[PDB]
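One structure below.
What follows is calculated from the coordinates using simple rules that are stated; it is not laboratory data. FYI the Cβ positions are ideal-geometry reconstructions off the backbone, even for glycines, and counts take in every protein chain you see.
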Amino acid sequence: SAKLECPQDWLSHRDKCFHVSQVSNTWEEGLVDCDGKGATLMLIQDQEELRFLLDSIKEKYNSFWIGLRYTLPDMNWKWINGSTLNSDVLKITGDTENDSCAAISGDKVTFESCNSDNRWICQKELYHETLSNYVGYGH
């Protein structure tokens, strides 16, 4: 499924194409690293996305930065490209009051400080979307 085309080093899914960098950086660094390919740091659209992530990720138990940043004031998560997180997919906080960014860890989404040494996922855009609600505390 290639809506538009992406390079061969990338896995295409619907309307984006992904690259799982198993090398570590901070969230901010991986973001800039994705920009290096003329790509963006991963902007999750749906559950199919993450399921396809799990297929490319494979190892699961690492931590891979995606373009998830908790935006204040709004207490929702926006992406770096200006897209908006599908909060209804997996465990992510709605209101946390932190500078916490999110990372793939396991089969789930997790969140930590952007300064940890984690790997990152880049997506090379075919399209982009916005749809979010509010998870609240996570309860």
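Would you be able to say whether some residue in region 26-38 is in contact with a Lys or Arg (Cβ under 6 Å, 6 or more places away or on another chain) and either assigned to a strand (DSSP E or B) or among the polar types (S, T, N, Q) (or both)?
So the first thing to find is which residues in region 26-38 are in contact with a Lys or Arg (Cβ under 6 Å, 6 or more places away or on another chain), and the list is none.
Scanning region 26-38, I find no residue that is in contact with a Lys or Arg (Cβ under 6 Å, 6 or more places away or on another chain) and either assigned to a strand (DSSP E or B) or among the polar types (S, T, N, Q) (or both), so the answer is no.
If the requirement is being touching a strand residue (DSSP E or B) at 6+ places or on another chain (Cβ under 8 Å) and of a type in the set (A, V, I, L, M), which of these qualifies: 135, 109?
Every option except 109 fails the conditions.
Just a yes or no: is a residue in region 92-108 outside any loop (DSSP other than H, G, I, E, B) and within 23 Å of residue 7 (Cβ to Cβ)? Write out each step before concluding.
Step one: filter region 92-108 for residues outside any loop (DSSP other than H, G, I, E, B), giving 100-105, 108.
Now restrict to residues that are within 23 Å of residue 7 (Cβ to Cβ): 104.
Within region 92-108 (the criterion being outside any loop (DSSP other than H, G, I, E, B) and within 23 Å of residue 7 (Cβ to Cβ)), the answer is yes, since at least one residue qualifies.
Name the one entry in 65, 77 that is over 18 Å from residue 124 (Cβ atoms) and of a type in the set (A, V, I, L, M, F, W, C).
That would be 77, the only listed residue that is over 18 Å from residue 124 (Cβ atoms) and of a type in the set (A, V, I, L, M, F, W, C).
Considering region 60-115 alone, what residues qualify as being within 15 Å of residue 46 (Cα to Cα), of a type outside the set (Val, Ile, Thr) and buried (at least 17 other Cβ atoms within 10 Å of the Cβ)? Even if it seems obvious, please write down each step before you answer.
As a first pass, look at region 60-115 and keep what is within 15 Å of residue 46 (Cα to Cα): 66-68, 77-79, 83-92, 104, 107-109.
Filter once more, so that each one left must be of a type outside the set (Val, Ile, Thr): 67-68, 77-79, 83, 85-88, 90-91, 107-108.
Hits for region 60-115 are 67, 68, 77, 78, 79, 83, 85, 86, 87.
Kindly evaluate residue 82 against the criterion of being under 19 Å from residue 39 (Cβ atoms) and either over 11 Å from the mean Cα position of the chain (by Cα) or in a loop (DSSP other than H, G, I, E, B) (or both).
yes
Considering each of 24, 87 in turn, give the residue that is touching a residue at least 60 places away in the same chain (Cβ under 8 Å) and within 18 Å of residue 105 (Cα to Cα).
The match here is 24.
Please state which of the following conditions residue 87 fails to meet, knowing it meets all the rest: (1) under 13 Å from the mean Cα position of the chain (by Cα); (2) part of a loop (DSSP other than H, G, I, E, B); (3) closer than 18 Å to residue 124 by Cα; (4) of a type outside the set (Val, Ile, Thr).
Among (1) under 13 Å from the mean Cα position of the chain (by Cα); (2) part of a loop (DSSP other than H, G, I, E, B); (3) closer than 18 Å to residue 124 by Cα; (4) of a type outside the set (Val, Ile, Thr), residue 87 violates only (3).
Which numbered condition trips up residue 30, out of (1) within 15 Å of the chain's Cα centre (by Cα); (2) over 21 Å from residue 111 (Cβ atoms)?
Unmet for residue 30, out of (1) within 15 Å of the chain's Cα centre (by Cα); (2) over 21 Å from residue 111 (Cβ atoms): (2).
May I ask you to say which residue of 44, 66 is touching a residue at least 12 places away in the same chain (Cβ under 8 Å), in a strand (DSSP E or B) and within 27 Å of residue 97 (Cα to Cα)? Let's see the steps before the verdict.
On the way: 44 fails: in a strand (DSSP E or B).
The conditions single out 66.
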